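Engineer: this one's a deposited entry, sequence included:
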Amino acid sequence: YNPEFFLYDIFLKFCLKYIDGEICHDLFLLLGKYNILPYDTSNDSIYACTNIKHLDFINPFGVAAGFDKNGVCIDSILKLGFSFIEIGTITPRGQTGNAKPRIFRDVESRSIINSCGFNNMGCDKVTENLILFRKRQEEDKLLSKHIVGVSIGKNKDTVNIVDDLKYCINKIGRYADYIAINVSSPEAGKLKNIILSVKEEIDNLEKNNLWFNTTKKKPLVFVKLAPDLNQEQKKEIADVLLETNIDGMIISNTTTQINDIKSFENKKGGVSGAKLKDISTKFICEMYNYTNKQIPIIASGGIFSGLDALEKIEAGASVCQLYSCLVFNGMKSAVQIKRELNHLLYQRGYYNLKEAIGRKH
Ligand SMILES: Cc1cc2nc3c(=O)[nH]c(=O)nc-3n(C[C@H](O)[C@H](O)[C@H](O)COP(=O)(O)O)c2cc1C
Ligand SMILES: CCOC(=O)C1=C(Nc2ccc3ccccc3c2)OCC1=O
Ligand SMILES: O=C(O)c1cc(=O)[nH]c(=O)[nH]1
């Protein structure tokens, strides 16, 4: 409840009526590298503690993948009140991505469509940007216990999918609290291979040497699915996940099956925000049922209010990543939504958050 937030959250709602997305985004990215973005320091409520396997998130709210792709402000994004951030996605060979502009935001429908094309400075340049932080992380107080994952994918023209990840782990795997595979860009057996492929490198890091991360342990393997699949395709996947014994999924990414949005009729790419919430709260409640409550799930897909966030948990999401929230509601988005959830896990008579995971039977 600062003047600082509120002041920025005028500047920004201005941006969201007059400036391009990317431009606003790349501007506000810049400040936070020069550390002029307001902090959220006030201690969280332990009752909204949460974890996946052995991965402890001081609060449930992170910044989703593709927000800080190049990991250039990790600092001042986590010091807005997010437990964790997800950086990348990052390809072994860094890309300028599709031609601009490629990020378009709806202000009424609070929705975003992008054809970015995985623009990143490349696994090499990024790893160095993360390391420089893991250093900063020991010195600075306000980054103790804050989890950084890394999203990884394949180059556009890839020699082999697996070997593009393989380079990526090898480079960065030491400094991530989790690795995020994504197969969700705008069969099951080829997936199984990848997963196994990915665990193997992470199992090779441990043998050929260490963990300069926040856990100081080997990074968990999460896959980031997309909501545009059939039951058949889905259940065929779920089995792989249990077969791969996988550390967790990140339901979901950007849908492409939304054409009710006027401003976006002339655009191509995947949509994130309000119109993708519902779709993604049903995509947790299916991939929960099939894996039979055995795989931990990180929600992403139209989370804005503490209610929006609770709907994901009670579906089965042990954690919440925000992206569109920040675009629309702003820098208070952590402080506001966190306040909102505590006042809602109460209302509902949840003793703690972890009690409320998957309480849709
Ligand atoms: C402009 C833009 C870039 C994105 N880049 C990535 C990315 O590199 N890797 C990734 O895994 N997800 C990426 N996403 C997807 C988000 O991480 C998130 O899953 C999606 O936006 C849903 O969040 P929301 O509906 O809560 O905004 C991107 C989304 C947008 C709008
Ligand atoms: C590309 C995502 O959407 C934007 O461009 C956009 C945007 N994104 C960001 C990016 C980084 C941020 C860092 C800190 C606080 C808010 C932020 C908000 O804030 C206003 C706006 O228009
Ligand atoms: O960079 C992109 O095009 C991109 C990557 C991703 O994972 N999700 C998305 O919506 N866009």
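Structural biologist: Now that the structure is in, tell me what you want to look at. Residues are numbered from 1 along each chain as shown. Ligands and ions are numbered 1, 2, ... in the order given.
Engineer: tell me the secondary structure of residue 113, please.
Structural biologist: strand (DSSP: H, G, I helix; E, B strand; the rest coil).
Engineer: can you report how many residues lie near it?
Structural biologist: Residue 113 has 25 neighbours, counted by other CB atoms under 10 Å. All C-beta spots, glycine's among them, are computed from the backbone N, C-alpha and C.
Engineer: adjust the sequence numbering to begin at 29 for everything that follows.
Structural biologist: From this message on, residue numbering opens at 29, which makes the last subject residue 141.
Engineer: what's across from it in the sheet?
Structural biologist: residue 132, residue 299 (DSSP bridges).
Engineer: quick check: it vs ligand 1, distance?
Structural biologist: Distance of residue 141 to ligand 1, computed by CB to the nearest ligand atom, to the nearest Å: 8 Å.
Engineer: could you do residue 98 as well?
Structural biologist: Taken as CB to the nearest ligand atom, the span from residue 98 to ligand 1 is 10 Å.
Engineer: verify the stated contact: that residue with residue 151.
Structural biologist: No. If you go by CB atoms under 8 Å, residue 98 and residue 151 don't touch, sitting 10.8 Å apart.
Engineer: with neighbour numbers in mind, choose between those two.
Structural biologist: residue 151 (23 against 18).
Engineer: wait, that one sits on residue 200?
Structural biologist: Yes. Assessed by CB under 8 Å, residue 151 is found in contact with residue 200 at 6.0 Å.
Engineer: give the residues shared as contacts by these two.
Structural biologist: 118, 180 (CB atoms under 8 Å, 6 or more residues apart in numbering).
Engineer: touching ligand 1 at all, stretch 143-154?
Structural biologist: Yes. On the criterion CB under 6 Å from any ligand atom, stretch 143-154 is in touch with ligand 1 at 144, 146.
Engineer: quick check, that stretch touching ligand 2?
Structural biologist: No. Stretch 143-154 is not in contact with ligand 2 by CB under 6 Å from any ligand atom; minimum separation 9.3 Å.
Engineer: just the CA coordinates of that stretch, formatted as CSV?
Structural biologist: Provided in CSV are the C-alpha atoms of stretch 143-154 (Å, rounded to 0.1, in the frame of the first residue of the first chain):
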residue,chain,number,x,y,z
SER,A,143,3.8,-14.4,-32.4
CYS,A,144,7.2,-13.6,-30.6
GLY,A,145,9.0,-16.6,-32.2
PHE,A,146,11.0,-17.4,-29.0
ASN,A,147,13.2,-14.3,-29.4
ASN,A,148,16.1,-14.8,-26.8
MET,A,149,19.8,-13.7,-26.5
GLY,A,150,20.7,-17.5,-26.5
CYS,A,151,21.4,-20.0,-23.7
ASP,A,152,25.0,-18.7,-23.5
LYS,A,153,24.3,-14.9,-22.9
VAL,A,154,21.4,-15.7,-20.5
